[PDB]
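A.B. asks: Build me a structure from this.
(chains A and B, ligands or ions: 6)
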Amino acid sequence: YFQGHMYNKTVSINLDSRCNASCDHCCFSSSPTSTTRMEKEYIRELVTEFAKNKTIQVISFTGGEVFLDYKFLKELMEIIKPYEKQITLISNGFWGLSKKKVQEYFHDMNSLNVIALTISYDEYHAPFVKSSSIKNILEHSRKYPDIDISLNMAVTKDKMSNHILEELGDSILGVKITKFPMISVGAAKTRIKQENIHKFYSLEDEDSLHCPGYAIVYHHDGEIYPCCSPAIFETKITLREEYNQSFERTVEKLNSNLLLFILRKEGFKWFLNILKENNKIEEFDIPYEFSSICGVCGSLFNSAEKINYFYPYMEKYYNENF
Amino acid sequence: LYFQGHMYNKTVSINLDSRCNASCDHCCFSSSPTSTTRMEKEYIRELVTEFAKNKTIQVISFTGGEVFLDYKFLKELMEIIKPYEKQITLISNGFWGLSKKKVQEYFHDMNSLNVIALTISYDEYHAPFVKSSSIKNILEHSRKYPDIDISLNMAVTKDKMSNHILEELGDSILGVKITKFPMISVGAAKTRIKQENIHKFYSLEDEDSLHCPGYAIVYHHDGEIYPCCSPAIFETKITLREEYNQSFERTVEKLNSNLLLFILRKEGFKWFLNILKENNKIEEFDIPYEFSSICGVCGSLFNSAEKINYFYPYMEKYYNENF
Ligand SMILES: Nc1ncnc2c1ncn2[C@@H]1O[C@H](CSCC[C@H](N)C(=O)O)[C@@H](O)[C@H]1O
Ligand SMILES: Nc1ncnc2c1ncn2[C@@H]1O[C@H](CSCC[C@H](N)C(=O)O)[C@@H](O)[C@H]1O
Ligand code: SF4
Ligand code: SF4
Ligand code: SF4
Ligand code: SF4
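C.D. replies: Numbers count the residues shown, from 1 in each chain, chains lettered A, B, ... in the order given. Ligands and ions are numbered 1, 2, ... in the order given. For reference, the structure is listed below:
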């Protein structure tokens, strides 16, 4: 039906860049002193709109650390509750230190339709959160089979989290664990040696270079991104045109965005072939090797000059097709 | 204009054979190269043809045994499904990863035959039968096929937690969903593993946490049809086959009209446990106080015709009160 929009069923909101941790890989460079965030009242309005929206099924919350201002998170989950939307959360699990706190939060999550909780723990998070805190959360989650539990571990060649998993003991039984490489963005750009980042892809294997898929995120910088990959936040791709924009308008802009249409239909080779034919790979600092497809994305579109360079080619594509 | 009809009709699993190249000490099926339990090949072709033609089934899953052992047969079944465009899932011990030719050829076939998920099982129990490098070859090659969801399932006990297994896989596990899970004490796990080494972190006190993970129809290699994928269901007297040539529509109808399973789903295990507790039947029914999974309660509640029949008057009362 031309505009079918298979992106209006989920939305993510990044509540704050503030975090109790200061992870050396952090794509947001989050820390207790981070000040980037949308205003609380503005977030209440966004959440109220997402709860009332008839197509949205799932609302996800991320940061930063969303459990740091738990009173506000619970307040937003209560706005959604009469509308019966599903909620997902991601956390560093610092709150797991008290088993009593873990029991209160799980009681709330279960009564507020939280269907998934992802806990991030690895050698990068370890200086900030104790292993026992993660174990308390993972162990208590067994009492709530309707909450899908995941453990996400960000790794490098020198920090593969092998001993982290062992210290977690049997608390990880039944938990989906995913170890993933670093995206070279934020604190990972300056605090991690590039040689320690796993390189799985190169500029020549163009057949594997396809975006995994779009998902709308209202970010703590006040912008709107087409996915939640750490790489996207340093790009200049935004779906925001004004302060008070509806989700119908955000979805319409995502579906009519020519760059994103070309990226989805043609893959990253359409853009890489333009830079290669114009001898711009070195001028635009495209890395030869990357840890993920998102690494190409971030390097192609992380400046106004780099994005604008494609505009005459996109205009030609629009005229040729359609 | 039609409210919700039958549930559990969007997926089906078929267990192709109990034969396997491995002889894992935990195996719920007691699979080995000498296992003879299996439905006939032609009978399976008919089942797969019916599932492919079926209007509601979206996903067809294959398991064993080791389904890649008789690759020619598996590929034939996947080819029957192909014109109907159903999604397929596979689970394997990955013994075929030792051969680079098999890895390339099998991934090409899976991608062209709409295989959306492949689960590889590797742990200390599988390790004597399949080399680590074989698993590594499969995981590494899977990166070239991003539309195939890859999972690593590791069966563990207190004495065999598979800690070194993960380390020796290196970075081939990056992006792979790993799940370590405890044992269900069925099959070879009943006699070859000490009960003390099986994790038992679920209890009866977690009454509100006692819910069945969900029903999924399984056409098993013993020729029976089961309402779920748990190794524990085989020991219950809960089955879905009434005759040799039974349609999938009939299997679904039987599952949806099973009053015990309706009550179990809607009310949870506490409905049955509360009846036992009120009449002091927990010890008479050998209900364990601790268990590795909720399926452990299931197995103990319904493992005899007399236990199932004990609930009949209460379920009849429930049907009359509700509906
Ligand atoms: N440079 C980077 N590359 C890859 N993953 C990164 C990253 N920076 C952060 N992440 C991951 O992005 C996820 C969300 S971070 C925000 C949620 C919360 N503070 C948490 O840590 O879970 C975490 O799993 C984190 O490890
Ligand atoms: N007693 C038991 N308890 C729990 N999981 C078991 C089990 N016996 C077998 N399994 C698991 O059931 C799954 C399917 S076994 C059949 C598929 C294939 N041979 C394979 O090993 O993957 C495997 O992950 C296996 O480890
Ligand atoms: S990765 Fe998560 S826990 Fe670590 S600094 Fe970033 S926001 Fe905080
Ligand atoms: S390829 Fe680009 S748009 Fe697609 S998920 Fe990765 S960063 Fe986002
Ligand atoms: S667990 Fe899988 S690989 Fe091991 S014996 Fe059983 S069927 Fe074979
Ligand atoms: S609780 Fe019973 S019916 Fe449900 S999956 Fe486990 S064994 Fe099967």
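
A.B. asks: Helices of the stretch 51-200 of chain A, residue ranges please.
C.D. replies: Using DSSP state H, counting those that start in this stretch, the helices assigned to the stretch 51-200 of chain A run over residues A:70-80, A:99-111, A:131-140, A:162-167, A:187-191.

A.B. asks: ok, and which of the ones you listed has the densest surroundings?
C.D. replies: helix A:131-140 (a mean of 20; mean count of other C-beta atoms under 10 Å in any protein chain shown). Any C-beta I mention is one placed from the backbone N, CA and C, and that applies to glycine too.

A.B. asks: what angle sits between that one and helix A:99-111?
C.D. replies: Counting by axes from the mean of the first three to the mean of the last three C-alpha atoms, to 10 degrees, helix A:131-140 lies at 40 degrees to helix A:99-111.

A.B. asks: What are the contacting residues of helix A:131-140?
C.D. replies: A:93-99, A:102-103, A:106, A:119, A:121, A:149, A:151, A:164, A:167-169, A:171-172, A:175, B:201 (C-beta atoms under 8 Å, 6 or more residues apart in numbering or on different chains).

A.B. asks: and what of stretch A:73-87?
C.D. replies: With contacts defined as C-beta under 8 Å, 6+ apart, stretch A:73-87 is touched by A:15, A:43-44, A:47-48, A:50-52, A:56-61, A:66-67, A:89, A:108-109, A:112-115.

A.B. asks: start to end distance for it?
C.D. replies: End-to-end distance for stretch A:73-87, by C-alpha to C-alpha, to the nearest Å: 11 Å.

A.B. asks: and what of stretch A:301-314?
C.D. replies: Criterion C-alpha to C-alpha; first-to-last residue distance in stretch A:301-314 is 14 Å.

A.B. asks: Show residues contacting it.
C.D. replies: So stretch A:301-314 is contacted by A:234-237, A:258-259, A:262, A:271, A:274-275, A:280, A:284, A:300 (C-beta under 8 Å, 6+ apart).

A.B. asks: Go through it and flag the buried ones.
C.D. replies: For stretch A:301-314, the neighbour count (16 or more other C-beta atoms under 10 Å in any protein chain shown) marks A:301, A:302, A:306, A:307, A:309, A:310, A:313, A:314 as buried.

A.B. asks: when you check the residues you listed against the helices, which ones overlap?
C.D. replies: By the criterion of DSSP state H, membership of those in helices covers A:306, A:307, A:309, A:313, A:314.

A.B. asks: Near ligand 2, list only the ones from these.
C.D. replies: Near ligand 2, judged by C-beta under 6 Å from any ligand atom, there are no entries from those.

A.B. asks: residue contacts, whatever residue of the stretch 51-200 of chain A ends up closest to ligand 4?
C.D. replies: For the stretch 51-200 of chain A and ligand 4, the shortest gap (C-beta to the nearest ligand atom) falls at residue A:183, measuring 8.3 Å. Residues near residue A:183 by C-beta under 8 Å, 6+ apart: A:27, A:229, A:230, A:231, A:291, A:292, A:294, A:295, A:298.

A.B. asks: Please list the residues of chain A that sit near ligand 3.
C.D. replies: For chain A, the contact set with ligand 3 under C-beta under 6 Å from any ligand atom comprises A:19, A:21-23, A:26, A:28, A:30, A:63-65, A:92, A:120, A:125.

A.B. asks: try it again with 8 Å
C.D. replies: Chain A has residues A:17, A:19-23, A:25-31, A:63-65, A:92, A:120, A:124-125, A:128-129, A:154, A:186-187 near ligand 3, with proximity defined as C-beta under 8 Å from any ligand atom.

A.B. asks: measure the residue lying closest to residue A:167 once chain neighbours are set aside to ligand 6 for me?
C.D. replies: Distances taken as C-beta to C-beta, 6 or more residues apart in numbering or on different chains put residue A:131 closest to residue A:167, at 4.7 Å, once the chain neighbours are dropped. Distance of residue A:131 to ligand 6, given as C-beta to the nearest ligand atom, to the nearest Å: 31 Å.

A.B. asks: wait, what's in contact with the most centrally placed residue in chain A?
C.D. replies: Closest to where the C-alpha atoms of chain A average out (C-alpha atoms, centre = their mean) is residue A:228, at 3.0 Å. Counting by C-beta under 8 Å, 6+ apart, residue A:228 makes contact with A:12, A:60, A:62, A:215, A:217.

A.B. asks: of all those, which comes closest to ligand 6?
C.D. replies: Using C-beta to the nearest ligand atom, the contacts of residue A:228 come closest to ligand 6 at residue A:60, 28.5 Å.

A.B. asks: what about the closest one, how many neighbours?
C.D. replies: Here the number of neighbours of residue A:60 (other C-beta atoms under 10 Å in any protein chain shown) works out to 20.

A.B. asks: what sits against it?
C.D. replies: Neighbours of residue A:60 in contact, by C-beta under 8 Å, 6+ apart: A:10, A:11, A:12, A:13, A:87, A:88, A:89, A:90, A:228.

A.B. asks: Run through the bridge partners of residue A:177.
C.D. replies: Taking DSSP bridges as the rule, residue A:177 bridges to residue A:151, residue B:178.

A.B. asks: and it, how many neighbours?
C.D. replies: A total of 22 residues lie near residue A:177 under the criterion other C-beta under 10 Å.

A.B. asks: Could you double-check that it lies in contact with residue A:153?
C.D. replies: Yes - with contact defined as C-beta atoms under 8 Å, residue A:177 and residue A:153 form a contacting pair (6.7 Å).

A.B. asks: which neighbours do those two share?
C.D. replies: Shared contacts of residue A:177 and residue A:153, counting by C-beta under 8 Å, 6+ apart, come down to residue A:165.

A.B. asks: For stretch A:210-224, list every residue counted as buried.
C.D. replies: For stretch A:210-224, the neighbour count (16+ other C-beta under 10 Å) marks A:210, A:211, A:214, A:215, A:216, A:217, A:218, A:219, A:220, A:221, A:223, A:224 as buried.

A.B. asks: and that stretch, does that touch ligand 1?
C.D. replies: No - Stretch A:210-224 does not reach ligand 1 (C-beta under 8 Å from any ligand atom); its nearest approach is 10.1 Å.
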